Amino acid sequence: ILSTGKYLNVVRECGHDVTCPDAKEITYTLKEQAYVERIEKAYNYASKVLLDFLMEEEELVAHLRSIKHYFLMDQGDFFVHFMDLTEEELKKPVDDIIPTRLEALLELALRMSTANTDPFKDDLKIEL
Amino acid sequence: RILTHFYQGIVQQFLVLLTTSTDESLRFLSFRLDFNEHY
Amino acid sequence: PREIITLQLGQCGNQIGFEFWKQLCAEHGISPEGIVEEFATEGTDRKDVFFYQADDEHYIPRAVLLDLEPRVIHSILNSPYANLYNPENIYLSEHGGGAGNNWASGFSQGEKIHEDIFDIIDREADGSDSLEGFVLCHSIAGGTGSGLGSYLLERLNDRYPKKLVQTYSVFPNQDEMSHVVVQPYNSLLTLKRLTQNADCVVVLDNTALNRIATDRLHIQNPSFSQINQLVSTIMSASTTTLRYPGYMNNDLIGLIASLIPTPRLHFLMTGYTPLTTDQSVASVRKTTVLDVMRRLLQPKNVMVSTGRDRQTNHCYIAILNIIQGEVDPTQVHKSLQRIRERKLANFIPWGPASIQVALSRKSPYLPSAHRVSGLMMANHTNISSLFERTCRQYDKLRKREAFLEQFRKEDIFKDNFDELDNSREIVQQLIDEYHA
């Protein structure tokens, strides 16, 4: 029941839309272990409507695709263009005018190698 | 010869005195002026 | 960025590059005169690596085509793929040439049109501020592609010294010597320029073409219309890491760097199995990657005439096995598992060897996203058998008093014949010495 309240609060953060699947919830009956099993099929459904909300607006699969194997390195044509510009600059530690140029080179290396979805690749920031 | 010695003192003092304040988006500002004088 | 200028030259080099550009539009999802499909950017993630970059979404080819014979270019403009070519980059209408059939013709014509040949081909050089290099898509057969092609291997070596040079050159045919007889002379003169004035070559034999052209293709009269089908696919196959988005050796200086042992040892053996259209009806049952590279090292798909009993004292040093399209990469390490158990490649006893495998997604097309493709770029030390074949046909011709009086009237005053003979034997001796 703890994890039930955790998933219903996630959908509540979006908006106030969920209802318990029965019109009235009773546990004051001699059967009680079949009622926590209809509690478990309830938080499974709350997972399914959260998995809904992942697949509709949020695109968790496209977010993990845009990060992970691309973060190891998947499409190096984004990065070998940026690796042309790691050999001219990255010889000494960063100065005060250097990290302004590094974000200018990441965004330059974005569109020379034709990214397919631009709001999934503007979330990249640069460590000092 | 007096004017270009003043301008040489201005361009060197403009770099260091832009690079000292208290940890806000000045790393963006310090990125831009070294890009202008060198490139 | 990674822009390469192709140097299509000669009677055979212009036709093998004509369908090379015609192959590229069918896989990019583009038309030579328009853009009717949206598959060019969502399916293909990189297009401006061989084409010129777009001004109206019209990807101009970065190509130049010079030849003494006007017959090869008059069979171009009536085809509907010539409007993609530009009539101002190379020539306008009614371009001509020599008479003409001589190696000394194009060798002497290079310094009389020296002003014009270094004017319009250099306009495409400064389009990108980081030029990749030059590929000489020329020929060895005849005197047209061999005469003028030896001149540009010298003057582009110092005017552009920091650029990659590597050619897809086709070897001539040695079946009979009736129509042409100047074949041992013009071939060895260009072969000297291919080793010291050029870094790498990609050999393409002619006697091995009709070995494949009657293997599975089932023709009775061998014509020249089949020579462009085996050649144009493996050209686009060699740039699948470069055109399509890959990660490792995605440049032309990436692939050639991992295969050349030393200068003057750069002759790479090529292999390509799938050429049959009735294989398509049985690739629906998950034909795997575990069976496609067992036949690459097996001498069946090779395009090099070599000895069959000379592979026991010769050793592979570098072998490339390129899979394309659907790979099923959970078993691509499983295919490389089975390589050490057979030892089908003889390994050099002095140093390590390498079996490099790589993959890239193919075009969004039904014959491309269904059938497995295997491109081989081998490097075996039995390639001196062709050099023993060409040299034995070279010294035998000089004792018959053939073309010693008919060849030295124009621009040849000293005997440069043994200058080609010793340098060829230097290649043949350093190959066998390379495995100590």
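Residues numbered from 1 in each chain as written, not as in the entry; some residues may be left out. Chains lettered and ligands numbered in written order. Part of a larger assembly, values for the part shown. Heavy atoms only, no water.

Enquirer: I'd love a proper account of the interface of chain A and chain C, names of residues and values included.
Expert: Listed as interface residues are 10 residues of chain A and, on the opposing side, 8 residues of chain C. In total, chain A and chain C occlude about 940 Å² of area from one another, counting both sides; carbon and sulfur atoms represent 43% of this. Considering only the side of chain A, the residues that lose the most area to chain C are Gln75, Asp77 and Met112 of chain A, jointly responsible for 39% of the buried surface there. Where chain A packs against chain C, one counts 0 salt bridges. Joining chain A to chain C, the criterion identifies 2 residue pairs in polar contact. Along the lines of polarity and charge, the residues of the side of chain A that touches chain C split into 3 nonpolar, 5 polar and 2 charged. (Contact = heavy atoms within 4.5 Å. Buried area = accessible area lost by both parts, 1.4 Å probe. Salt bridge = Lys/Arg side-chain N within 4 Å of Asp/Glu carboxyl O. Polar contact = N/O pair within 3.5 Å; in protein donor to acceptor, adjacent residues only side chain to side chain. Nonpolar A, V, L, I, M, F, W, Y, C, P; charged D, E, K, R; others polar.)

Enquirer: Any details on unusual backbone geometry? Residues and values, ideally.
Expert: Negative phi characterises most residues that are not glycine, and trans characterises most peptide bonds. Residues and elements named next belong to chain C. For the bond from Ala99 to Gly100, the omega torsion is -5 degrees, close enough to zero to count as cis. Mapped onto the elements, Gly100 comes out in the loop between α3 (71-74) and α4 (103-109). Positive phi outside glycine occurs at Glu94, with the angle close to 55 degrees. Within the fold, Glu94 resides in the loop between α3 and α4. (Helix = DSSP H or I, 4+ residues; strand = E, 2+ residues; numbered from the N terminus.)

Enquirer: Hey, could you go over the sheet that holds strand β6 (residues 267-272) of chain C for me, with residue numbers and the actual values?
Expert: Residues and elements named next belong to chain C. Pairing within the open sheet is mixed, and its 9 strands lie in the order β2-β1-β3-β4-β5-β6-β9-β7-β8. The sheet terminates laterally at β2 (63-66) and β8 (354-360), the two strands that pair on one side only. For this sheet, the mean angle separating the axes of adjacent strands, direction not counted, is 20 degrees. Taken together, the 7 bridges between strand β7 (residues 316-324) and β8 define a ladder with parallel strand orientation. Each bridged residue has a counterpart across the sheet, and for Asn321 the counterpart in β8 is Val357. Lying over the sheet, helix α1 (residues 13-28) contacts β1 (3-9) and β2, oriented at roughly 140 degrees with respect to β1. (Pairing = 2+ DSSP bridges. Axes fitted to C-alpha atoms, helices over the stretch in contact; angles between N-to-C directions.)

Enquirer: Quick one: what's the story with a nonpolar patch on the surface, residue by residue and with numbers?
Expert: All names here are of chain A. The grouping of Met55, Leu60 and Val61 at the surface amounts to a nonpolar patch, some 310 Å² of accessible area in total. Topologically, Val61 is positioned in helix α3 (residues 60-72). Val61 sits in the exposed class, given a relative accessible area of 55%. (Patch = residues over 30% accessible without salt bridge, like charges linked within 9 Å, V, L, I, M, F, W, Y side chains within 5 Å. Areas by Shrake-Rupley, 256 points an atom, 1.4 Å probe, with all protein chains shown as cover. Buried < 20%, exposed > 50% of the residue type's maximum accessible area, 1.4 Å probe, protein only.)

Enquirer: I'd like a description of a negative patch on the surface, backed by residues and values.
Expert: All names here are of chain A. On the surface, a cluster of negative charge is contributed by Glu13, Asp52, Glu56, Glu57 and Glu58. It is helix α2 (residues 37-58) that provides the largest number of residues to the negative patch, a total of 4 residues. Relative to the elements of secondary structure, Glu57 occurs in helix α2. The exposed category is assigned to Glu57, whose relative accessible area is 62%. (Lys, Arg positive; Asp, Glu negative; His and termini not counted. Charge placed at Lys NZ, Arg CZ, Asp CG, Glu CD.)

Enquirer: Hey, could you go over the pattern of salt bridges for me, with residue numbers and the actual values?
Expert: Evaluated as defined, the whole model comprises 22 salt bridges over all chains. When the shortest N-O distance is used, the salt bridge between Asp22 of chain A and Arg38 of chain A registers 2.8 Å. You can see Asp22 of chain A sitting in the loop between α1 (2-14) and α2 and its partner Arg38 of chain A sitting in helix α2, a full 16 residues away along the chain. Note that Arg243 of chain C and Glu27 of chain C form a salt bridge whose closest N and O atoms lie 3.0 Å from each other. Note that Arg243 of chain C is positioned in helix α10 (residues 240-243) and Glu27 of chain C in helix α1, a separation of 216 residues in sequence. As far as the burial class goes, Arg243 of chain C and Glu27 of chain C line up, both buried. Look at the salt bridges and you will find they share partners, linking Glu3, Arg46, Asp48 and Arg62 of chain C into a network.

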